[PDB]
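1. Pasting an experimental structure with its sequence.
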Amino acid sequence: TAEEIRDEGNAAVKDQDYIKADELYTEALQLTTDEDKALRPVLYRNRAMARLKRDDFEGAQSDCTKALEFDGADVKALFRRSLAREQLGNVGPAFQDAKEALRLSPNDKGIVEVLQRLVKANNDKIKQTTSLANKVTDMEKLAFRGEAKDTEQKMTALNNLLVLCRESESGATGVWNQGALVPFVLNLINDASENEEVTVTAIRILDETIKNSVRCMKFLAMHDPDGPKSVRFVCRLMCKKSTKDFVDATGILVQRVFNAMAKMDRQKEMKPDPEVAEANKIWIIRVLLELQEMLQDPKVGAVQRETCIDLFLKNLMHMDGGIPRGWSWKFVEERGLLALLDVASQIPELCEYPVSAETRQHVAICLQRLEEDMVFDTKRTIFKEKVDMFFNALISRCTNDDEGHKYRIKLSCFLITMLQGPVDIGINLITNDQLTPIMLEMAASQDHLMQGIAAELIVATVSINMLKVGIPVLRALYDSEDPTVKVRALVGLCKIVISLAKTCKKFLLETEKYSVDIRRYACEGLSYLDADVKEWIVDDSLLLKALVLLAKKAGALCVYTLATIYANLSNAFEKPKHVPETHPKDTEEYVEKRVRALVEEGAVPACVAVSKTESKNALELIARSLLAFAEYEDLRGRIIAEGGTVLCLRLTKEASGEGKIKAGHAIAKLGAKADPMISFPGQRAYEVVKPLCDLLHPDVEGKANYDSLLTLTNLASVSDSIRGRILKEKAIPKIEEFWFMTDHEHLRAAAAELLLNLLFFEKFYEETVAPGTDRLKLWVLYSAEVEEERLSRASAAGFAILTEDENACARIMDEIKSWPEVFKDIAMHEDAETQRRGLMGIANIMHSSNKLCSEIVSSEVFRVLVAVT
């Protein structure tokens, strides 16, 4: 069974991509270093060569040293350890790694190329390294020591230091200062009167340096002589200042500690290594019992607590990307899950430790996906029965009579949350006969909380028998004099004549009484209305203005609300596979008027504001809304005017299954036709590179193909470095699609400027390589006429350019009846560009040699006589 999977890795390296191949060997190591001592080391050589193929040098070095461990006969292990130590920055070990491999096999040019680059590398490396130490020391003296100009010189000095670590791994080694950046950084966050931009840039340098492994792991060890106290401080670093963005960026230093102890995706799709996890399990129990223990700590703050909850969903779901199985269940088997339930009960009114209203999202989702990482067999049941025994622990203890009302609101708020996350167990609990009467008992009490949450409970239940109970109580509670209960109940009318909307308009149009959660439910109800309400909303201006202002005004829970607000009015979501035709609200020009007013009222800043949630399906909805804003007369300027694309690519990195593709086609429709230094200026042009890739991954059949071509048509019009960035992702399979299937497409004129310009090393090796004969032939056949003005010119320009090559002029003598049709369709045809485009193409064809100069004779003369007049 060992060999039967060992073959599949190397086959997977060459079948399509190595991105899938690297994990195959990683699965194949499960019986290694036990059942056999022959297969395990060589599979370690192949796996380390596999991650070396990607961009992971740390694991490749620590597996190449694992396979050298048996005898050191592996030569590819030495070439790989030296290739890793080359990019590692420490080229000294790479050189002695490579001299001991080239001495074993004197042949093979690559072993020589490594030593060739290493000679100059070690040669200059001491000079550049002492210059890097004077730059590191001059930088530390400026940003954090006695320096002038107050904020201005410091906030810039570190700003150069972050790039001194960020774009150079060798400079990343020198900014960390062998283990000295940390005390300076944490000494900065300790200043209560420090500008927070300085604090966030400092930590940003901090996580950058520890991105690797040991530099991060020493960041745990250095703080206390004994380990558990030393991981506490790293965890408890968010409990230092907590300004606004300080907590989000002090969170990633803790996130980075997960990436070290088990090696993880960081962003791009890479699986953790069990081999490191089992070694570092001691660290992971220590940090996760520390995050669990600080999850209920009263001293722990509001937002830093829910960022502490973000770390769990992002790390312990082994069916997504995190600690492997057996640790996902170590969390449920003890207090880790029972205590995890408790925080979902607490609400901004009843808590005991600070809790935010936003907590909702962060507490729903990590339970829901905990149902996704419990997709074993005894997992489903141990999870459910832990929740059922907690629910039984709460009903028997609530005694909603003698000041036990707090227990009844606690169980109610615990149940309202799980209808937002794990519905499979949440409806499983509202089966109980004790539930409905207690719900009713809160419904009529003078305790204003119990009634509000009461209407919130059944509006959460909106997807069987308890459902018919709660609706009548909802409408009888709608009349309530208090806004919290009327606004909390109006959602449930929409959740089942548009009479309610005339009150929904005044609910948010008057920004006086309603502010915090009051406006929030006022929008949530608005989201549940659809069908023809669209135009009735569009013909009011204060509706869009007040919805945008409400989303700008702390729209943290305004997520799915706005995302379904602008999506349903115009946008359409595709689904797997009479009434609409008569609709004058979402079908014809009214769909254009809806986005036309929606954008000019200012929906974009509300979108970038409410996108900060990790809600995958709300990410898909905001992506669909964003592409729906695009493809209109002046909308192309409107997207960039606030930053639609800049967060569109931000949502491409993490979205739902179709959310990445909706984001990708969204960026394509958004730009393209604007300008090359507008659709991705400066440092952002490279970020737009990746989304264009995997946009040809499916098939060239729908409207998603033509946009994917048209945006790349302008992606390479400026600067060569971008054209060389495109080559490293290999666009060849993509162009192969429209080479032999698309009929009505301008993509040929883009492929011309692609193959012609680009990097010299690539495009010279691409215009020539592979059977290009039919490519040259279609370069001539379509340049004749073909009822198109541009095809005849852009097709001809590559004829005039390629004619200049020496190897290329032998192959032109394969087709001769193609030249009468292009030489005639230049003087006789009515087009203007094709005449100058064709005459210059003919002259270079008659200037290469005399063998073809007589084969045409008259086809050229028909143009030469026409030119003189």
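-> Yep, it's here. Residues are numbered from 1 along each chain as shown.

2. count of residues packed around residue 66?
-> Residues near residue 66, counting by other CB atoms under 10 Å, number 21. Any C-beta I mention is one placed from the backbone N, CA and C, and that applies to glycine too.

3. Also residue 701?
-> 10.

4. Next up, phi/psi of it, please.
-> Here is the backbone geometry of residue 701 (degrees, to the nearest 10): phi -140, psi -40.

5. measure residue 654 to residue 569 for me?
-> 26 Å (CB to CB, to the nearest Å).

6. which of these two has more neighbours?
-> Neighbour count, other CB under 10 Å: between residue 654 and residue 569, residue 569 has more, with 23 against 14.

7. send the alpha carbons of the host helix or strand of residue 277 over as PDB?
-> Following DSSP states H and E, one finds residue 277 within helix 274-295. Only the C-alpha atoms of helix 274-295 are listed here, as PDB (Å, rounded to 0.1, in the frame of the first residue of the first chain):
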ATOM      1  CA  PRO A 274       1.100  16.300  10.800                       C
ATOM      2  CA  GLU A 275       4.800  15.700  11.400                       C
ATOM      3  CA  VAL A 276       5.200  19.100  12.900                       C
ATOM      4  CA  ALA A 277       1.900  19.200  14.700                       C
ATOM      5  CA  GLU A 278       2.700  16.000  16.600                       C
ATOM      6  CA  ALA A 279       6.000  17.600  17.600                       C
ATOM      7  CA  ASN A 280       4.400  20.900  18.600                       C
ATOM      8  CA  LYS A 281       1.200  19.500  20.200                       C
ATOM      9  CA  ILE A 282       2.600  20.700  23.500                       C
ATOM     10  CA  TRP A 283       2.600  24.200  22.300                       C
ATOM     11  CA  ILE A 284      -0.900  23.900  20.800                       C
ATOM     12  CA  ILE A 285      -2.600  22.600  23.900                       C
ATOM     13  CA  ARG A 286      -0.900  25.400  25.800                       C
ATOM     14  CA  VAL A 287      -2.200  28.100  23.400                       C
ATOM     15  CA  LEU A 288      -5.600  26.700  22.900                       C
ATOM     16  CA  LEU A 289      -6.300  26.100  26.600                       C
ATOM     17  CA  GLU A 290      -5.000  29.700  26.900                       C
ATOM     18  CA  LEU A 291      -7.400  31.000  24.300                       C
ATOM     19  CA  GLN A 292     -10.200  28.900  25.800                       C
ATOM     20  CA  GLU A 293      -9.400  30.200  29.300                       C
ATOM     21  CA  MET A 294      -9.200  33.800  28.100                       C
ATOM     22  CA  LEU A 295     -12.500  33.300  26.200                       C
END
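
8. name the helices or strands packed onto that helix?
-> When contacts are defined as 3 or more CB pairs under 8 Å, 6 or more residues apart in numbering; DSSP states H and E, helix 274-295 packs onto helix 227-235, helix 246-262, helix 303-313, helix 330-333, helix 335-345.

9. what residues does that helix touch?
-> For helix 274-295, contacts defined as CB atoms under 8 Å, 6 or more residues apart in numbering pick out 26, 29-30, 217, 220, 227-228, 231-232, 234-236, 239, 254, 257-258, 260-263, 300, 305, 308-309, 311-312, 316, 323-324, 327, 330-331, 335-336, 339-340, 343.

10. Can you select the buried ones among these for me in ChimeraX?
-> The ChimeraX selection below is limited to those of those classed as buried (16 or more other CB atoms under 10 Å):
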select :26,29,217,220,231,232,234,235,236,239,254,257,258,260,261,262,263,300,305,308,309,311,312,316,323,327,330,331,336,340,343
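
11. What's the first helix or strand after the helix or strand where residue 185 lies?
-> Under the criterion of DSSP H and E, residue 185 resides in helix 181-189. Counting by DSSP H and E, the next helix or strand C-terminal to helix 181-189 is helix 196-209.

12. Output that following helix as PDB, nothing but the C-alphas.
-> What follows is helix 196-209, C-alpha atoms only, in PDB (Å, rounded to 0.1, in the frame of the first residue of the first chain):
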ATOM      1  CA  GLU A 196      -2.000  54.000  16.600                       C
ATOM      2  CA  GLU A 197      -0.700  54.000  13.000                       C
ATOM      3  CA  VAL A 198       2.800  53.700  14.500                       C
ATOM      4  CA  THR A 199       1.700  50.800  16.700                       C
ATOM      5  CA  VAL A 200       0.100  48.900  13.800                       C
ATOM      6  CA  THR A 201       3.100  49.400  11.500                       C
ATOM      7  CA  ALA A 202       5.400  48.100  14.300                       C
ATOM      8  CA  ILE A 203       3.400  44.900  14.800                       C
ATOM      9  CA  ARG A 204       3.100  44.600  11.000                       C
ATOM     10  CA  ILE A 205       6.900  44.400  10.900                       C
ATOM     11  CA  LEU A 206       6.600  42.000  13.800                       C
ATOM     12  CA  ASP A 207       4.400  39.400  12.100                       C
ATOM     13  CA  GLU A 208       6.300  39.900   8.900                       C
ATOM     14  CA  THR A 209       9.600  38.800  10.500                       C
END
